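> Before anything else, here's the structure in question.
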Amino acid sequence: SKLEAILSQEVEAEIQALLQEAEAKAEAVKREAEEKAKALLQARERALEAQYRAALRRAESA
Amino acid sequence: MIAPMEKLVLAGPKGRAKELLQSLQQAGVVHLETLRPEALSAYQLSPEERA
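Residue numbers (PDB author numbering), protein chains in the order written: chain J, 2 to 63; chain N, 1 to 51.
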């Protein structure tokens, strides 16, 4: 029926709006996890650079 | 004489049914009927509406 299709379309549109909002939140969570991983990789890279600098300093000292 | 007393059946969404209930209360020319049994709900509207 016309009201049948309208009610099914309204339920599907509410589910689609909810799914789009949840997918936007999940993509924001993925972007935040990527930002935290980039910060951790930057910390590990600075640690490796400081370790190589200290190793070169110890080698030149010896 | 005895009248015809034709039967009327209506259906649609819920808020349109509330507006049509206001209409058929303004146009109070049809006595009511339950017809609850076959594949229908009870239309317990709201406890907020009850309040």
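Positions of the beta carbon are idealized from the N, C-alpha and C atoms, including for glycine.
Quick one: Cα of J:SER62 to Cα of J:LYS31, how far?
46 Å
> Within this structure, are the beta carbons of N:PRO13 and J:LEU42 separated by less than 7 Å?
no
> Rounded to whole angstroms, what's the CA-CA distance from J:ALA38 to N:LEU10? Just pull it up for me.
For J:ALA38 and N:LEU10, the distance between alpha carbons rounds to 60 Å.
> Against residue 1 of chain J, what residues of chain N qualify as contacts under a CB-to-CB distance less than 8 Å, listed in chain order?
The requested residue 1 of chain J is not part of the displayed model; chain J covers only 2 to 63.
> Which residue comes first and which comes last in the alpha helix (DSSP H) that contains J:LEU57?
Where J:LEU57 is concerned, the enclosing alpha helix (DSSP H) stretches over 3 to 62.
> Quick check on DSSP: helix, strand or coil for N:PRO47?
helix
> Where are the alpha helix (DSSP H) runs, 4 residues long or more, that stay fully inside the stretch 11 to 46 of chain N, in chain order?
14 to 26
> For N:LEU45 versus N:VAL30, is the C-beta spacing smaller than 7 Å?
In this structure, N:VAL30 does not lie closer than 7 Å to N:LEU45 by Cβ.
> Expressed to the nearest angstrom, what Euclidean distance is found between the alpha-carbon atoms of J:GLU13 and J:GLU24?
16 Å
> Within the 7 Å Cβ cut-off, does J:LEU41 reach chain N?
no
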